[PDB]
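First up is the structure itself, then whatever we jot down about it.
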Amino acid sequence: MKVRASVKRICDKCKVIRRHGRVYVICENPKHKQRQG
Amino acid sequence: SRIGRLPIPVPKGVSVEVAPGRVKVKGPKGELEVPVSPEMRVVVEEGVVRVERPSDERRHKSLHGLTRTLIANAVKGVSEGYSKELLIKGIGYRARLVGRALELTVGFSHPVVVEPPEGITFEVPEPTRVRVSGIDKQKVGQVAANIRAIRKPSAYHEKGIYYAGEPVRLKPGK
Amino acid sequence: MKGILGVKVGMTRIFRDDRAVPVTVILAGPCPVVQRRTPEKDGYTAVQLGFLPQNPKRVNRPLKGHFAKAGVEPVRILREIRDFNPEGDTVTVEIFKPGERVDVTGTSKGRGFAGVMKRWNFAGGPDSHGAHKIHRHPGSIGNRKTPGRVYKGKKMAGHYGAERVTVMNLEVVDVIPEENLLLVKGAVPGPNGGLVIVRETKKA
Amino acid sequence: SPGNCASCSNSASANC
Amino acid sequence: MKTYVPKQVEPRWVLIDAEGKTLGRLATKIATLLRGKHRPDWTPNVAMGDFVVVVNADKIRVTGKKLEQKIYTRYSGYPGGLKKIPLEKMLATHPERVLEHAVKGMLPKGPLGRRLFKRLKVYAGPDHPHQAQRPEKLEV
RNA sequence: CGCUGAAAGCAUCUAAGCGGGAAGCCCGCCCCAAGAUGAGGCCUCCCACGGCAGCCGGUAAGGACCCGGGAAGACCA
RNA sequence: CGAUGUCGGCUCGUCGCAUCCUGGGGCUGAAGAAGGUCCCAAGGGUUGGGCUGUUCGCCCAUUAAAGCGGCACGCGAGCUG
Ligand SMILES: [Mg+2]
Ligand SMILES: [Mg+2]
Ligand SMILES: [Mg+2]
Ligand SMILES: [Mg+2]
Ligand SMILES: [Mg+2]
Ligand SMILES: [Mg+2]
Ligand SMILES: [Mg+2]
Ligand SMILES: [Mg+2]
Ligand SMILES: [Mg+2]
Ligand SMILES: [Mg+2]
Ligand SMILES: [Mg+2]
Ligand SMILES: [Mg+2]
Ligand SMILES: [Mg+2]
Ligand SMILES: [Mg+2]
Ligand SMILES: [Mg+2]
Ligand SMILES: [Mg+2]
Ligand SMILES: [Mg+2]
Ligand SMILES: [Mg+2]
Ligand SMILES: [Mg+2]
Ligand SMILES: [Mg+2]
Ligand SMILES: [Mg+2]
Ligand SMILES: [Mg+2]
Ligand SMILES: [Mg+2]
Ligand SMILES: [Mg+2]
Ligand SMILES: [Mg+2]
Ligand SMILES: [Mg+2]
Ligand SMILES: [Mg+2]
Ligand SMILES: [Mg+2]
Ligand SMILES: [Mg+2]
Ligand SMILES: [Mg+2]
Ligand SMILES: [Mg+2]
Ligand SMILES: [Mg+2]
Ligand SMILES: [Mg+2]
Ligand SMILES: [Mg+2]
Ligand SMILES: [Mg+2]
Ligand SMILES: [Mg+2]
Ligand SMILES: [Mg+2]
Ligand SMILES: [Mg+2]
Ligand SMILES: [Mg+2]
Ligand SMILES: [Mg+2]
Ligand SMILES: [Mg+2]
Ligand SMILES: [Mg+2]
Ligand SMILES: [Mg+2]
Ligand SMILES: [Mg+2]
Ligand SMILES: [Mg+2]
Ligand SMILES: [Mg+2]
Ligand SMILES: [Mg+2]
Ligand SMILES: [Mg+2]
Ligand SMILES: [Mg+2]
Ligand SMILES: [Mg+2]
Ligand SMILES: [Mg+2]
Ligand SMILES: [Mg+2]
Ligand SMILES: [Mg+2]
Ligand SMILES: [Mg+2]
Ligand SMILES: [Mg+2]
Ligand SMILES: [Mg+2]
Ligand SMILES: [Mg+2]
Ligand SMILES: [Mg+2]
Ligand SMILES: [Mg+2]
Ligand SMILES: [Mg+2]
Ligand SMILES: [Mg+2]
Ligand SMILES: [Mg+2]
Ligand SMILES: [Mg+2]
Ligand SMILES: [Mg+2]
Ligand SMILES: [Mg+2]
Ligand SMILES: [Mg+2]
Ligand SMILES: [Mg+2]
Ligand SMILES: [Mg+2]
Ligand SMILES: [Mg+2]
Ligand SMILES: [Mg+2]
Ligand SMILES: [Mg+2]
Ligand SMILES: [Mg+2]
Ligand SMILES: [Mg+2]
Ligand SMILES: [Mg+2]
Ligand SMILES: [Mg+2]
Ligand SMILES: [Mg+2]
Ligand SMILES: [Mg+2]
Ligand SMILES: [Mg+2]
Ligand SMILES: [Mg+2]
Ligand SMILES: [Mg+2]
Ligand SMILES: [Mg+2]
Ligand SMILES: [Mg+2]
Ligand SMILES: [Mg+2]
Ligand SMILES: [Mg+2]
Ligand SMILES: [Mg+2]
Ligand SMILES: [Mg+2]
Ligand SMILES: [Mg+2]
Ligand SMILES: [Mg+2]
Ligand SMILES: [Mg+2]
Ligand SMILES: [Mg+2]
Ligand SMILES: [Mg+2]
Ligand SMILES: [Mg+2]
Ligand SMILES: [Mg+2]
Ligand SMILES: [Mg+2]
Ligand SMILES: [Mg+2]
Ligand SMILES: [Mg+2]
Ligand SMILES: [Mg+2]
Ligand SMILES: [Mg+2]
Ligand SMILES: [Mg+2]
Ligand SMILES: [Mg+2]
Ligand SMILES: [Mg+2]
Ligand SMILES: [Zn+2]
């Protein structure tokens, strides 16, 4: 899990979702998992 | 391009009665209640159940698709039923039934004994393959998930509890 | 939740399996029940126990009527055991057998006005290197203008002891029903002759 | 000490 | 002429059903009853408002995410003694305090305001013991 | 970290709903505690005293004073 | 400025969390063991000694760890000097 202020897609498989008032990037590549914060 | 307006086929004889904020589905294998938003309308027709939304605002469109699937899953639940399979992999790893219970040997210093919830039935064919069976689809998936969590797939070796049809994606070590 | 009133008699050590076990000896029973607290009447469950016979020439009429309704001889101490309802109308040491574990409640010994070093194990001051009349003194008691006051609960001098103390999970080493004796391993609050309460332990 | 003569407040006894 | 001041009146007793009413909007009216400002002879320096009995205080209603997020707070005076109780748990332990706290903050501070708080009688559950006073049921 | 699941035919722990999950949070343990003036509860005792929500008196159940003391204690308690 | 005693030490704490340890985690160029990095977490813990007035720092021997800051560079009607 990366935690940063700029959450972006990293690859074309990355998906930007919104869980419980937060922005996540979930993806099949575990490195690409992001949470905004 | 839409799920809420898709008519729900109903086998015979599974009966579906509508009630305020709940539909009741009775079938050969059991019965299930489906809590429904009062904002939707559930309509029963000749061997076909249908759902309508009152507007095209997002909460109604979001509830619409959800409500149809929840009802379709209950209808399939009482006639076909639901089940999921688990594949045990690993050298010493195996499973066996004990009474109605599921006992797991997956590399710990002790066995792991899973008890089936009310409405769930465990079966072990091959000692390396488990099937979770029940009429509630979420409940079947919950139990199946619970079992798998006891020893998840390894990242480096084809060891652990696996879903049927779960790919084996491993990464190198040294 | 079994319990019984008692008096601390004193300490010794016995020998058990080539080991010396320090014991304090408690004279527990017999404890007549004089009132029962019911959920219908009182809102909870407890037994009022009596202990030690009293000269009726010392017991006033309000008390004497309390004993009368119980059909019990006048007794010197009344204490309740909470959530205890014995089958009989008399509680004795035989509610405990050796090996069980108990909690014992007593009134600790009273140190009166205790300095900060006896009451709270403060470090005092130095005894040389210029130390000026502060050898047993507590030091600072605060900050400065912020917050310009002293915390509630500040550890300071004052009365210490003569207070209720429960020490927990004591092994019952023996019971001598013939004499209402109760041996317990370790130490128990208070002086010899003090009143103590012996209860089944709450540890597991 | 304040006292002696480098400082001058809070700190020593009578002399004035 | 001088402004009319009433001789001591006989207080009215009043019953309110709190079920399903919004916490703050109910408290506003109970405060008004307590102060007696619904009376045409309202005098600011005596107690002449009604006695107000409230039932079903456990079924008061609130909007937004306040069950989780409204935090009641108590300070003991000791280091680190600020306690925090969310609405949820206050409702699940002492549900009558939710209304009481809301009405209390809408009453005047001082001796009279404290007495007026004593004329409030809040109950969880549908019943109350003041049958003797025969409270007139109010709609709010 | 999930289950089920739309909006968005797929996918999504979430928008409806349901799990798991910290030495931390709430209880549980130990101690204080009804001046908690919101002054609580239970058991028992005395009782309709004599004189023009009040007054003065003689008592009841009880209590205090005094005394002998106390692993209680500065005095007080 | 008709006085708001000035470093450090000692004593006594208490708070913050940007967390040193302990508890829970995701990612790892994570085989295991042991690390790295980030997230949650302030309940409790956070040693003894040589040098120097020292704060700090270096060093010795240990440790789960030997955290960083605020409280008038916390605290002289509490001591030291
Ligand atoms: Mg995906
Ligand atoms: Mg002796
Ligand atoms: Mg023996
Ligand atoms: Mg020994
Ligand atoms: Mg006695
Ligand atoms: Mg004692
Ligand atoms: Mg006692
Ligand atoms: Mg004592
Ligand atoms: Mg002692
Ligand atoms: Mg001292
Ligand atoms: Mg000491
Ligand atoms: Mg001592
Ligand atoms: Mg001590
Ligand atoms: Mg102490
Ligand atoms: Mg010392
Ligand atoms: Mg020292
Ligand atoms: Mg010393
Ligand atoms: Mg000395
Ligand atoms: Mg000197
Ligand atoms: Mg001095
Ligand atoms: Mg000296
Ligand atoms: Mg001092
Ligand atoms: Mg000052
Ligand atoms: Mg100062
Ligand atoms: Mg202040
Ligand atoms: Mg005392
Ligand atoms: Mg104690
Ligand atoms: Mg032990
Ligand atoms: Mg004897
Ligand atoms: Mg001078
Ligand atoms: Mg007029
Ligand atoms: Mg209202
Ligand atoms: Mg009104
Ligand atoms: Mg009023
Ligand atoms: Mg008024
Ligand atoms: Mg809410
Ligand atoms: Mg004002
Ligand atoms: Mg998934
Ligand atoms: Mg899914
Ligand atoms: Mg939800
Ligand atoms: Mg949950
Ligand atoms: Mg789970
Ligand atoms: Mg622990
Ligand atoms: Mg917390
Ligand atoms: Mg008590
Ligand atoms: Mg009282
Ligand atoms: Mg009490
Ligand atoms: Mg009193
Ligand atoms: Mg109050
Ligand atoms: Mg009052
Ligand atoms: Mg009152
Ligand atoms: Mg009263
Ligand atoms: Mg009372
Ligand atoms: Mg009570
Ligand atoms: Mg008399
Ligand atoms: Mg004496
Ligand atoms: Mg005395
Ligand atoms: Mg004396
Ligand atoms: Mg100046
Ligand atoms: Mg001056
Ligand atoms: Mg001045
Ligand atoms: Mg001056
Ligand atoms: Mg001055
Ligand atoms: Mg943090
Ligand atoms: Mg924080
Ligand atoms: Mg950082
Ligand atoms: Mg850690
Ligand atoms: Mg860890
Ligand atoms: Mg890590
Ligand atoms: Mg690589
Ligand atoms: Mg390696
Ligand atoms: Mg490892
Ligand atoms: Mg992270
Ligand atoms: Mg901490
Ligand atoms: Mg803290
Ligand atoms: Mg700390
Ligand atoms: Mg050191
Ligand atoms: Mg030397
Ligand atoms: Mg040194
Ligand atoms: Mg140094
Ligand atoms: Mg400095
Ligand atoms: Mg240096
Ligand atoms: Mg150097
Ligand atoms: Mg370590
Ligand atoms: Mg280390
Ligand atoms: Mg600091
Ligand atoms: Mg500052
Ligand atoms: Mg500090
Ligand atoms: Mg500075
Ligand atoms: Mg400076
Ligand atoms: Mg300073
Ligand atoms: Mg400091
Ligand atoms: Mg000085
Ligand atoms: Mg100084
Ligand atoms: Mg200073
Ligand atoms: Mg000062
Ligand atoms: Mg000063
Ligand atoms: Mg000063
Ligand atoms: Mg000097
Ligand atoms: Mg000198
Ligand atoms: Mg000098
Ligand atoms: Zn990606």
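Method of determination (from the header): X-ray crystallography, 2.7 Å.
From the backbone N, Cα and C atoms, a Cβ is placed for every residue, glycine too.
Here's what Swiss-Prot has on this protein:
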BINDING   A:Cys11, A:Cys14, A:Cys27, A:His32  Zn(2+) binding site
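What Swiss-Prot annotates, mapped onto the structure for a quick look.
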{"residue": "A:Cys11", "record": "Zn(2+) binding site", "CB count, 10 Å": "10"}
{"residue": "A:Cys14", "record": "Zn(2+) binding site", "CB count, 10 Å": "17"}
{"residue": "A:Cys27", "record": "Zn(2+) binding site", "CB count, 10 Å": "18"}
{"residue": "A:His32", "record": "Zn(2+) binding site", "CB count, 10 Å": "17"}
Query: Using an 8 Å cut-off from the Cβ centroid of A:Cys11, A:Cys14, A:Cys27, A:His32, can you name the remaining same-chain residues around the Zn(2+) site, in sequence order?
result: A:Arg9, A:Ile10, A:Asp12, A:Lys13, A:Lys15, A:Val25, A:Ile26, A:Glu28, A:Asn29, A:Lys31
DSSP state at A:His32 (Zn(2+) binding site), helix/strand/coil: helix
